[PDB]
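Nothing in this text is a laboratory measurement; each read-out follows from the coordinates by a stated rule. When we count neighbours, we look across all protein chains shown, and the Cβ atoms used for this are built from the backbone with ideal geometry, even at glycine.
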Ligand SMILES: [Zn+2]
C-alpha cells in the first residue's frame, strides 16, 4: 500500500539544516504536529496505513500493515536509526517505490522530520523533484514522478542566509518545484515557532463544510432534501465562480431511460437523501439508523425504483430548453450513483448529451423515439455519434497508431442497410470515416465487405438512398469545373424527410 | 465628539423623569419615571421622540433607573413591554426588589380608583422585570464593548 | 491559416504500416498527400489543448484546391465530426489515382484564412453569444507540421502563385462577405513528429508560403522533450493535472486526476486488474474528475477493452478507502477518467438501505400506462424539419407549464400510500390522461373517493401482495382524507357532497481619529432631526 517517503539518511535521526531547520529540534515540531492535527487525524486519517519502520536506502514495505491514525508524529519523534546513508535514494527511490508498488492514486501522508541536505559543493541533487528543468539528462526517466502524492516541503535553509555563497536557489527551489500541486508551499526567510505546524495546518478546516443545494425537477410535491453537504464540485468556471445559488425559472423536461444512456462523464455529487416530507420542506428525521425511519415510503431520486431492473439514472434540470445527460451504476441500492450531473459547457454542444438546446418534434415524428437496438432517438436524448469504442474516433498520433485507430473504429462500422436494428445507428460512420481519414485498411477490407453486403442486401429504399447512385458517376465525371456552384454542402444526412407531394 | 442630552421629562418640572444621553453614539435612557396628577396621555414620557413605530432596542443600548420612586421608574413596564424595548435595564438590587410592588400598588389604584383602558397589568409588570440586570454598588459593569 | 495543394511533384516514404497488436481481396495503397500527411498529425496537436477543456470545439483544416473555400460549421448540431468532415474534405474524396484537377492555384485565393474562427449561418446565435474573442482567441490556429517530402519549398510554389493571383485582383479591397481582410501575420510553430525511425529528416528547416509568414526552426527531439516536458508544464498551468497508471495490466495509457485530491491528501509500473460483473457493489458517484488527454490516444487498450464495458459500471479489487488503479471509458467526444475519494466523504460502508423498495418497482404496468407519451413529450431534438404546425406554442413558457400540469410529480410505488389507496384506482393518470377526456373517469374517481373512506380493510381483486389493533381509527382517517378531495391540485376529482347522508360522517492627527470615531456611529432620534432651535414639541398628537 501507500508508504510515507522517509529519508534514509543518517542525519534524519538528528536535527535538520546546517545549523537549524525551524524553532526547536524535531521533537518539538513532532509534538506540535501531534497536538494541532490530533482532531483532524482522529476523524479523517483513521484508515491511512503508515508504518514508522527503519530503512537502509529507501522506503520499503516490509513490516505488516497497521491502522496508524494518531502515530504519524511518532514517526519523527524518537525514531530509530540505521547504519546507512543514501542521499540519492531518499526522494527519487521512495517516489519510484510509491509510484510502482502503491500507484499514483493512494492515501499517503508524507509528513516527517528529514534533513533534506545537499552536498557542500557541486553535488546538489535537484533531480529528485525538479527533473522537468534541472538535470534534463534524466528527463526521459520516471522522474519527477508526475502523479498525485503528498506534499513534501523542506524549508530548512533561509534564502537570505544561503544567498551569500550563491547556494540559495538549490535550497529554496525544492518545495515549489515538487510537481506544482495547486500552489507553491515554500517559505523563505526567518523561522518561528508557529512554522512547525504550518505545513500540517493546510487541511485543518478543509475536511468538510456546510452548503445549501437541492436537486429536484420542476416544482414537484415530494422533493428530496439533502441536509448534509457533499464535497465541492463544479463543471465550469464562469457559472460557478462563487457559491451556488438558486434561480426562479425551475422547469422539468426530458425523458429518463437507461437503454441508451451509458456511462457519461459526471463531476457533481448532488445526492438526494431518501426521505418523504410535506410541502413545507422540513427535515423529517433526515450501525445504520435509516432502517427505522425507512419503513415509510421515500422519494430520493427518480431512478431509485428503476435502479435494479433497468439501472436508470437521475437527471438534474440544467435550465429551460437546455438539459444534459447523466449516468448511474448498475447497482440496485448499494450506491446506485445517486447523484445527478451536467456536462461542462463548451464551444461544442455537450460532452455526451448531444444537442439539448434545440427543441423540435415532441411526439409525432417519422422515426419512433422508443428505439429498437438503442439507435439514435430522442428518448432519451444522446449524441448523434457513437463512442470511440464503436466508431467515429479521431486518434492520430502516429501513422501506425492512426491506422490502428481507424481499423478499430471501422471494424464494425461498415454495416449495410439490411437490418433495421442498426439502420440509423452507424450508416454514415463507414464511408465518411474511411474517406476523411484516408485509412487504406478500411478502404481495402471494411469497404469491400460493406459493398458486397450492400449489393447482396435489398436496395428498394427511398430514392434519396437508392436513386442517388445513378447520377453519382455523372456528377463525379462532370466535376472538372470545380466551382462553388458544382458542390452543395449545407447539412449532413438526416433521418427526417420532407413532406412534399409527389408530382 | 459631542454629548447631546435631551430631557423629555423633568426638564423644568418634577415628575416623569426620563433623560436621553447621546455621548459617543451610545444612546442611554437615564430614567423612566411617570408623572403624578395627569389623568391621561401625559402620565408617561413621550416615546414618539425616539422614532415611534419602530424598535427601541436598536436606538437605546442601556436604560438606567436611579431608584424605585414612581417619578423615576413608574413608566418602566409600559415603556418596555408596550413599545417593545428588549434591551438591558440597569437598577440596584433594592431598587429591583422594591420597584414591582410600587407598580402593583399604582396598578391597583388605576384599575380600581380610576379607569384602566390604557394601563398595564401585573403579568406585563413581571414581563418587564425579566430584562432587568441588577448592578451592585461601585460595580463597573461593561454593558457594551466601550460603554461602562 | 493556409495549406498548400496536393501536387504530386514532391513525394517521400516513411515506411508507415499498420501496427498489429494481436499475435484474396486486393489491398488499397497507403499513398497520401503531403497536405494530408501534415493534417493527419493535427489530432496529436489538439491533445495538448484538450487538457484545458475536453468538451470544447475541435479544429478543422482547409487548403487551396478546386474547392478553395474556408467553409466551416459552428452550429451546435454541426459541432460533431459527422457534419464538419464533409466541408473540410470538399477538395476531393479519398480515391487513389492521378488527379490533374486542383493543381492550378488560380481556382481562388480569397477568404483563405477564415477556417479556424469564422462563423457560419448554420447557427442562429451571434458572435458574442458563441465565443466572440479579440486578438487572443482560443479558436485561433497556426501552421505547424513535421512531414517528409523532397523539400520544404515544393509546397510554397502553390501558395506563392495564389498570393500573386490574389494581389493581381485587389480592386475589391474594401469588400468582404463577413470576415476581416487578412493582410499579414507572424506564426509561431513547434516541432513534433511520430517516433519509429531515426532522425533521417530535416532538423532545423523552416517552410515559408508568403512574405508575411516566415517561421524559424531549431533542433528539438520529439517525444523525449515535446511530450514528456512540454505537456507537464502545459497541464499543471492550465487548471489540470496528470497521473501515472499501468498501460497494459499485469503505448502508454494515462489516467486523469485533479490536483485537488493531491492537495487534500495531506521497471514496469504495477497496478491492480479486475473484470466487471453484473451483480457487484464497486461503483459509486464521482464527486470530482479530470479529463484524460494522453499523447497515445490510439493505444491498444482503447477499443477492445471498452467492448466489454457497456454496462457503465467499474470493478475494483481492493487489497485484503478503496483506491482504483485504472479506468477506461469513451464519452463520444472526449475520454475522461475518475479518481477515488480524497476528502472526508463516506464512500466505504455508505448509507445503503439494502432492503425494502427500490428493486421491486412494478406497480405501474406498461400495459395501458403509455398515454403519457403526448403530454410529457418535450425532449431534445437533433434534426428539425423544414416547418412545423399543429397544436403547440413557443418553447419559452408553454412547455414548462405543460410539463408542470402533466409530469410535475408522477411517483408510483407500493411502499406506502394513504391518499389514492383504493380498489378503484384504475382512474389514475395511466388511462385518465388523454387528449379526449370524458366525464366518466371523473365520476368514477369521485365515487372511489367515497368508496375508499367507506371500505379500506378489504383487499381488492387485483393482487395487492400506538399498540396493535389500531385499525379502528383507520376508517376515521380515511373519512377525514375523503373530506379533502377538493384540495391541492385535483380539480377534476373534486367532490362537494354526493352520498354523505347514507353512512359518511361530518365535521491633522485630531482630524483622522475624529473622522474614524464619527464614521462608526448610530441612528439619530426622529425628534432631534425634526427639532427647531434644539427644541421639539412633545405630545404633538394631543
Ligand atoms: Zn424623585
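Assorted remarks:
- When each of A:313, A:272, A:284 is tested for being touching a helix residue (DSSP H, G or I) at 6+ places or on another chain (Cβ under 9 Å) and either more than 8 Å from every other protein chain (Cβ to nearest Cβ) or surrounded by fewer than 17 Cβ atoms within 10 Å (Cβ to Cβ) (or both), the lone residue that passes is A:284.
- When region C:237-279 is filtered for residues that are touching a strand residue (DSSP E or B) at 6+ places or on another chain (Cβ under 8 Å) and under 19 Å from residue A:132 (Cα atoms), the ones remaining, listed by number, are C:240, C:241, C:242, C:243, C:254.
- Among the residues of region B:63-83, those that are surrounded by 20 or more Cβ atoms within 10 Å (Cβ to Cβ) and more than 16 Å from the ligand (Cβ to nearest atom) comprise B:63, B:77, B:78, B:79, B:80, B:81.
- Residue in region A:432-448 that is assigned to a helix (DSSP H, G or I), more than 9 Å from chain C (Cβ to nearest Cβ) and under 16 Å from residue C:92 (Cβ atoms) present: no
- Residue within region A:368-378 that is within 22 Å of the chain's Cα centre (by Cα) and within 7 Å of chain C (Cβ to nearest Cβ) present: no
- In region A:291-308, the residue that is surrounded by the most Cβ atoms within 10 Å (Cβ to Cβ) out of those that are more than 24 Å from the chain's Cα centre (by Cα), assigned to a loop (DSSP other than H, G, I, E, B) and more than 7 Å from chain C (Cβ to nearest Cβ) is A:298.
- Test result for residue C:244, part of a loop (DSSP other than H, G, I, E, B), closer than 14 Å to residue C:339 by Cα and within 8 Å of chain A (Cβ to nearest Cβ): yes
- For region A:66-89, residues that are more than 31 Å from the chain's Cα centre (by Cα) and closer than 20 Å to residue A:15 by Cβ total 15.
- Close pairs (9 angstrom Cβ cut-off, 6 or more residues apart or separate chains): at positive phi in region C:513-540, in a loop (DSSP other than H, G, I, E, B) and surrounded by 13 or more Cβ atoms within 10 Å (Cβ to Cβ) anywhere: C:539/B:42; C:539/B:46
- Selection status of residue B:52, more than 12 Å from the chain's Cα centre (by Cα), more than 14 Å from chain C (Cβ to nearest Cβ), surrounded by fewer than 21 Cβ atoms within 10 Å (Cβ to Cβ) and away from the ligand (no atom under 16 Å from the Cβ): no
One line per residue, one yes/no per condition, for (1) farther than 27 Å from residue C:158 by Cα; (2) surrounded by fewer than 22 Cβ atoms within 10 Å (Cβ to Cβ):
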| residue | (1), (2) |
| --- | --- |
| C:44 | no, no |
| C:49 | yes, yes |
| C:55 | yes, no |
| C:60 | no, yes |
| C:77 | yes, no |
| C:82 | yes, yes |
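- Scanning region B:25-42 for residues that are away from the ligand (no atom under 13 Å from the Cβ), surrounded by 14 or more Cβ atoms within 10 Å (Cβ to Cβ) and in a loop (DSSP other than H, G, I, E, B) gives B:25, B:26, B:42.
Residues are listed down the side, and each one gets a yes or a no for (1) out of contact with any helix residue (DSSP H, G or I) (no Cβ under 7 Å at 6 or more places or on another chain); (2) more than 7 Å from every other protein chain (Cβ to nearest Cβ):
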residue	(1), (2)
C:43	yes, no
C:68	no, yes
C:75	yes, yes
C:85	no, no
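- Every listed requirement among (1) away from every other protein chain (no Cβ under 11 Å); (2) farther than 20 Å from residue C:535 by Cβ; (3) away from the ligand (no atom under 15 Å from the Cβ); (4) not in a loop (DSSP other than H, G, I, E, B) is met by residue B:58 save one, (1).
- Qualifying residue in region B:84-100 (condition: in a helix (DSSP H, G or I), farther than 19 Å from residue B:138 by Cα, within 16 Å of the ligand (Cβ to nearest atom) and touching a helix residue (DSSP H, G or I) at 6+ places or on another chain (Cβ under 6 Å)): yes
- Number of positions in region A:49-65 that are under 30 Å from residue A:135 (Cα atoms) and under 33 Å from the mean Cα position of the chain (by Cα): 4
- The numbered conditions (1) farther than 21 Å from residue A:117 by Cα; (2) assigned to a loop (DSSP other than H, G, I, E, B); (3) in contact with a helix residue (DSSP H, G or I) (Cβ under 6 Å, 6 or more places away or on another chain) are all true for residue A:58 except (1).
- The listed residues are A:376, A:366, A:334, A:355, and the only one of them that is touching a helix residue (DSSP H, G or I) at 6+ places or on another chain (Cβ under 8 Å) and either in a loop (DSSP other than H, G, I, E, B) or closer than 30 Å to residue A:408 by Cα (or both) turns out to be A:355.
- Residues located in region A:346-364, provided they are more than 7 Å from chain C (Cβ to nearest Cβ) and surrounded by fewer than 19 Cβ atoms within 10 Å (Cβ to Cβ): A:364
- Residue match in region A:207-221 (condition: within 12 Å of another protein chain (Cβ to nearest Cβ), outside any loop (DSSP other than H, G, I, E, B) and closer than 23 Å to residue C:256 by Cα): no
- Within region B:10-24, if we keep just the residues that are closer than 14 Å to residue B:65 by Cα and either buried (at least 22 other Cβ atoms within 10 Å of the Cβ) or over 15 Å from the mean Cα position of the chain (by Cα) (or both), the residue that is farthest from the ligand (Cβ to nearest atom) turns out to be B:20.
- Within region B:6-26, residues that are more than 16 Å from residue B:38 (Cα to Cα) and away from every other protein chain (no Cβ under 11 Å) reach partners that are more than 11 Å from the ligand (Cβ to nearest atom) and assigned to a loop (DSSP other than H, G, I, E, B) with beta carbons closer than 9 Å, at six or more positions or on different chains, in the pairs B:19/B:11; B:19/B:30; B:21/B:3; B:21/B:30; B:23/B:2; B:23/B:3; B:23/B:147.
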